[PDB]
Amino acid sequence: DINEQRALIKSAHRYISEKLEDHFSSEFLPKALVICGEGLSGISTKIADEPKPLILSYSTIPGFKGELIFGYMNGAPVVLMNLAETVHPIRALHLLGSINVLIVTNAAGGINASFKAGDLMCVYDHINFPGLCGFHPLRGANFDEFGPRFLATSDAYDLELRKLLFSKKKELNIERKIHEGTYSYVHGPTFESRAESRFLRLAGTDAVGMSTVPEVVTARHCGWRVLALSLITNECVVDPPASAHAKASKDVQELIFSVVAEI
Amino acid sequence: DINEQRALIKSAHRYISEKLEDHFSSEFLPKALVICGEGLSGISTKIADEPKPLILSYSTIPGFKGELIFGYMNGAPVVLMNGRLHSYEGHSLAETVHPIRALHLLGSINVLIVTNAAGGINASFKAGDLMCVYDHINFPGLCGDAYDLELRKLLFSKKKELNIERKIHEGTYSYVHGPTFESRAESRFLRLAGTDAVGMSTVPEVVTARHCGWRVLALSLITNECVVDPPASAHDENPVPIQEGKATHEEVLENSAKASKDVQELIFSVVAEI
Amino acid sequence: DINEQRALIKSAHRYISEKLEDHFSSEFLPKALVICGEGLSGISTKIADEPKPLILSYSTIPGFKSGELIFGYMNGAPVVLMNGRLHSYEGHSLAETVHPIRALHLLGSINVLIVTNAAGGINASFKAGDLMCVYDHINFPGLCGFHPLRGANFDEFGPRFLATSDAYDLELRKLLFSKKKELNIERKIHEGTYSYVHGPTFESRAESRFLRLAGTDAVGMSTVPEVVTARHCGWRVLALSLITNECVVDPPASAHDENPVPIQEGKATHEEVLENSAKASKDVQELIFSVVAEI
Ligand SMILES: Nc1nc2c(CN3C[C@H](CO)[C@@H](O)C3)c[nH]c2c(=O)[nH]1
Ligand SMILES: Nc1nc2c(CN3C[C@H](CO)[C@@H](O)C3)c[nH]c2c(=O)[nH]1
């Protein structure tokens, strides 16, 4: 089972390595992988027209099940992504020997009382609720060539990358609020109850969603640095029920566009 | 797979719709489904003996893994689900909610009335109280407006009109997988999470009923107070035995049966104004 | 499937029952199952060389998914040792990880489970090197559907619905502290609540903070599914955790911190767990050696 998993990752890398060589005149060794969140696929527009970026549909990459975009962004070579199957790409791209940072954005509901729709949250910690229970990207035989059997997550979110994100906001004069908080991963509907939202808040949750965390864990297992940004799309209602008696994408675009330059 | 799953739902509806036409001279279009939990099978007697009710066994209905009772209750056409399926039995969440989807294809049901036993997490609850659910926590669903306010006002008005002295709390129901009863720390955790009562059922049916567009009224029978005190320490010279006050299935059964009569009358009054 | 599980259970029992009769001139009726954590394999040394102990590899036992069962006498008492355990993060089902308990139960002699593990310290007063006698647990994955009793009930072993507020026998814990005093062991043995999480990641800061407010004193990746299964069989349970590290719970350094603490500082490692488990192993082996003689 892991053997077929291994070959599918090698097959996917073999394909991507070949197309890169055939496409780019210079050896394209991307320093970053950018996971464009829900409604943040415009980031591909900030890719440079010269050299001509390479676009690979997932349909043509072995093992994959969406497109991969290999180009330059503010001068830096990057990859764009527009449970072991959702993290098969990170392992495949890792075999290029060049990526050392994952930048992942997402939409997230606000659980911290001080958050409002439109605010941003720079993720500096997470709660992987399915991972605690048995829905884990690392469950099963360990990929020894990639990382250790037991991986620490208390160092998941690189401090220097977050300090860089905040400097690029002040430089870009972006007024939008950006917080620093914990992101809770639930495999549960945004249709969370008010009691569920309340439990999450007291559980130590600042923003909540259904993404990012499995990719963060897989990247950290591969040794990459991780920078994670959340767009607070709504404020989760946490009050008890009645008793019977589109602009922020631009800011996220420019913030990343600046950050990738100094990676 | 969803296609072969959709065929079973359609197959179940075709079966049930066929039997209703054969059995009832007049068209039978039930307005509410009543899922009877632990010890609420006495509601079957509140079904009018005329017109003669139709009884369908699960083994005979396609897709079902207990019996369906179709009849009139306080003048209203209803379906009784005698015997529910539980996730702790190994079944998938889809199998446990397939009956709701099959019955939804009749186009007439618009209310789910569901009861179940529950352990009391709210410290002021006692065995014998009921809890009108107005919110829930779906623990298996997450880490792995739903309760119609007017039906809740209807329930309390029917308690006052029937002069039922039994307490009826309003609070949050926590759905956990079971089949273990909670350890002391788990209950203390559920309490600080905002739990009022905890059970091993109901929330999947509620979520499926809301998906079908049904109004939902959920009533929890508090059969026991969850043990929350830390256990006896090995340094205690006068320790409370760790077995003291432990939950049992027998306690759940007995306390459910004692509250059945009040619950049956409460539902009997509710369906008439549904 | 339960019928497939039963045949597997009876098949493993018939296998073990046979090799017990061929090997031991006397009838070998073990009274306790000892599950040895990682780094606690030294307990196999306290098994007497006479009568000759029997060793069955998991590879040969049907159902058992290198790990081995050691059948012998410890402090004169007949015991069975689970040298190495199965973990859910390896890809096994909880039913597979606790299948050995069911098979051994069919010998009709074991009424005590002694289970050891390593654990990170969530209780802030804990330190690496301390022991924690378990007197309660939090089975959060069980609350969320990952439960060893999920599926059709083994009606020949125990009830469909099982209380866990009485999971950790009181006399067995008093006996453990009695043996600590009797042996002049100076190591700290706390009493507290163990929390089972799936792994294989070590906890994030926020995850550990969630465990603390939830009532956790020590967090590990094993034990509870075996304890639940042993209780379902009607066994008494003594569980001993080894505090191998102090979970990092402080929030990570903020971007606005002028003098930030390195986020890697204090990070848990597997080397740290193995090495601290190895240092406290002798005390643990001798505690268990004394206890098995009085169950
Ligand atoms: N989790 C939980 N459920 C219940 C229930 C609900 N049902 C009680 C019945 C027998 O245990 C199962 O169908 C679950 C009553 N008391 C409790 C309790 O203390 N805890
Ligand atoms: N979850 C968790 N488990 C452990 C354990 C128990 N196991 C011991 C082994 C060492 O990495 C892993 O399987 C975890 C020791 N320390 C910790 C900790 O901090 N956390």
Side-chain angles (χ1 to χ4, degrees), chain A residues 131-132 148-154, chain B residues 37-39 83-89 115-121 125 127 139 173-183 186-187 190 195 197-202 220-228 245-249 251-256, chain C residues 37-40 85 87-90 116-122 126 128 142-143 159-165 194-204 207-208 211 216 218-223 241-249 266-277:
Chain A
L132 299 179
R149 166 81 284 189
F150 308 104
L151 169 72
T153 53
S154 41
Chain B
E38 297 69 20
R84 54 214 300 198
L85 276 311
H86 298 86
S87 186
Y88 63 69
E89 268 296 338
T115 70
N116 75 279
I121 294 275
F125 289 10
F139 276 104
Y173 170 92
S174 285
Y175 168 52
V176 307
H177 184 271
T180 46
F181 296 113
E182 286 73 27
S183 74
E186 289 160 0
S187 296
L190 287 163
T195 305
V198 49
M200 305 176 193
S201 72
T202 302
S220 265
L221 282 50
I222 305 306
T223 43
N224 52 290
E225 205 46 27
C226 296
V227 177
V228 295
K246 82 193 268 183
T248 68
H249 186 47
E251 193 185 357
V252 174
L253 291 176
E254 175 182 337
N255 279 351
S256 277
Chain C
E38 190 185 25
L40 303 313
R85 38 146 68 90
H87 316 257
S88 211
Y89 57 64
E90 271 170 272
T116 66
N117 54 253
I122 295 280
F126 285 11
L143 302 183
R160 164 82 280 188
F161 306 103
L162 180 70
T164 57
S165 60
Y194 172 96
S195 275
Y196 163 64
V197 302
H198 178 258
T201 46
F202 289 107
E203 287 70 22
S204 74
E207 280 162 15
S208 281
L211 286 168
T216 304
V219 54
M221 292 186 201
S222 67
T223 300
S241 277
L242 240 186
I243 301 305
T244 56
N245 55 293
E246 305 158 40
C247 301
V248 12
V249 291
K267 85 182 217 263
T269 71
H270 186 47
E271 200 36 38
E272 178 176 10
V273 179
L274 296 167
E275 271 173 22
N276 277 338
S277 302

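In the text below, chain A, chain B and the rest are named by the order of the sequence lines, each starting its count at 1. When a ligand or atom number is given, it counts from 1 through the structure's own listing order. Any value given below was found using the heavy atoms of this structure, including those in side chains, with hydrogens, waters and symmetry copies removed.
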How many angstroms lie between NE2 in B:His86 and CD in B:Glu89, if you round to the nearest 0.5 Å? 8.5 Å
Between C:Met221 and C:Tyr89 the two heavy atoms that sit nearest each other are SD-CE2, 3.6 Å
Run the side-chain donor-acceptor check on residues 267-275 of chain C: report pairs under 3.5 Å with partners two or more places apart or on a different chain.
residue  : atom : partner  : partner atom : Å
C:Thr269 : OG1  : C:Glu272 : N            : 2.9
C:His270 : NE2  : C:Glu38  : OE2          : 3.4

Can you measure from CD1 (B:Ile121) to OG1 (B:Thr195) and round to the nearest 0.5 angstrom? 6.0 Å
Can you check side chain to side chain contact (heavy atoms under 4.5 Å, CB included) on B:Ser201 and B:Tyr173, steps first, answer last? CA-CA 10 Å; B:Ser201 72; B:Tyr173 170 92; 4.0 Å; yes
Can you confirm whether the side chains of C:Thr223 and C:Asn117 place a donor and an acceptor under 3.5 Å from each other? yes
For ligand 2, list the protein residues that place a heavy atom within a distance below 4.0 Å of one of its atoms, sorted by chain and number. A:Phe150, C:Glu38, C:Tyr89, C:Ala118, C:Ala119, C:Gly120, C:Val197, C:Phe202, C:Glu203, C:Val219, C:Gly220, C:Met221, C:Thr244, C:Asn245, C:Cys247, C:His270, C:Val273
